[PDB]
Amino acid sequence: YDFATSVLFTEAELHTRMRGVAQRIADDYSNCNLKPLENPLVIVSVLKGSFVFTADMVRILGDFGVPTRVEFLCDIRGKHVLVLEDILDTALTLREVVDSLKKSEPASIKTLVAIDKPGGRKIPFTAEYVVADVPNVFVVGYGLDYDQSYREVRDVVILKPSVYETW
């Protein structure tokens, strides 16, 4: 890539990782009686750049028999909620959402992140399902942006410093 220094995770790697995550989600929600219309899996997509991760993870979940219902960031009480976030760094944004969604009394609530930065936590918070982990470097791609750009990049890559230093 013209604007990067290292491809941390390609598109094929992320898809393979999400497939294994889907197999675990299909087993952890096996006896939840998940079925379309009646009782699907309410997916609460948080953050603007998560639509890439959501559209791919939701389709992979459907391949493993996990029906989904997508909401972007109510009819949350009593139903099973799964929060999707494109990246997890400080866990401040996600902890706020989980505490907000728990105000509606869901049957179960767990989190799944595509990119996890454990070395950026301002508060302790562990996500149930994690696609991939990334060190404390600024990355773009797969929905992750640098000022509303480089979201269409198919891979998670480290943004070259000359870009955001010049910008």
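Between two forms, the rigid core is the largest collection of C-alphas that superpose within 1.5 Å. Don't overthink the numbering: it's just position in the shown sequence, from 1.
**Q** Any chance you could tell me whether 40-48 or 60-68 drifts more in 9 other deposited structures of this protein, judged by RMS CA distance from this form after superposing on the core?
**A** Between 60-68 and 40-48, greater C-alpha deviation in 9 other deposited structures of this protein belongs to 40-48.
**Q** Using a one-third cut-off over the other compared PDB entries, is residue 96 one of the residues left without coordinates?
**A** It is not, since residue 96 is included in all of the other entries that model both flanking stretches.
**Q** Checking the other PDB entries that cover both flanking residues: does residue 85 lack coordinates in at least a third?
**A** In all of the other entries, residue 85 has coordinates.
**Q** What is the count, as a class, of unmodelled deposited residues between residue 73 and residue 74: none, 1 to 3, 4 to 9, or 10 or more?
**A** Missing in between: 10 or more residues.
**Q** So 111-119 or 29-37, which one's hotter by mean CA B-factor in the entry?
**A** Stretch with the higher mean C-alpha B-factor: 29-37.
**Q** Highest mean C-alpha temperature factor of the two stretches 100-108 and 129-137, which is it?
**A** Higher of the two, by average CA B-factor, is 100-108.
**Q** Can you pull the Cα B-factors for 23, 16, 10, 149 from the entry and say which is highest?
**A** Out of 23, 16, 10, 149, the record gives the largest C-alpha B-factor to 23.
**Q** Please rank the C-alpha B-factors of the chain's modelled residues and tell me whether residue 52 sits in the lowest, middle or highest third.
**A** Residue 52: CA B-factor falls in the lowest third of its chain.
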